[PDB]
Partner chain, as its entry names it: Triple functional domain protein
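What follows is one chain in structure tokens, specifically the form deposited without its partner chain.
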């Protein structure tokens, strides 16, 4: 099965795949040009081979990113639950660019950095920008908007809700 991970620069796409496959969060930040991980999971009582395609976040790779999209079974659209810009760009940039090349591929909306949503350290940082974190009901609505099959929230650090992301991704194609 083919799964493409798409979202704004520095939302936690890479981390979300490395923590899921290896159980270790990278201590340093290195921007993804392109990678290709895989994982053998057993769900629905079925042997499942899953290929995960990490992409780039910048507008630099605009016309080189869509190359990955053909022959895809399911998409993940990601955004930081702390970064509201990335929440906007779902509808603004990613939902257009995706449905443009693939108008049938089921989508799953994903709120990353779930641990930091309740963190007072971040809350009073974003307060200075007169902005709140994205509540669950808000993503729930953004999911309905872009016609996603599911909406899920997870932290790659604490691995909270992380298995489900890929449980639902597979369940979408099955």
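Residue numbers count along the first chain shown, from 1.
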Mean C-alpha temperature factor, higher of 107-115 and 53-61: 53-61
Would you tell me which stretch averages the higher CA B-factor in the PDB entry, 16-24 or 147-155? 16-24
Using only modelled residues of the chain, where does the Cα B factor of residue 136 rank: lowest third, middle third or highest third? lowest
B-factor third for the C-alpha atom of residue 93 within its chain: lowest
Which third of the chain holds residue 172 when residues are ordered by C-alpha B factor: lowest, middle or highest? middle
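Another form, the form deposited with its partner chain bound, is not on view; read the next lines as being about it.
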Is residue 56 one of the residues lying within 4.5 Å of its partner chain in the entry with it bound, judged by heavy atom distances? yes
Whether residue 137 contacts its partner chain in the entry with it bound should be assessed with a 4.5 Å heavy atom distance threshold; does it? no
Can you work out whether residue 132 and its partner chain are in contact in the entry with it bound, taking contact to mean some heavy atom pair no more than 4.5 Å apart? no
Find out whether any non-hydrogen atom of residue 141 is located within 4.5 angstroms of its partner chain in the entry with it bound, and reply yes or no. no
Note that its partner chain is not shown here; using its position in the entry with it bound, name the residues of 42-69 with a heavy atom within 4.5 Å of it, in sequence order. 53, 54, 56, 57, 58, 61, 62, 63, 64, 67, 68
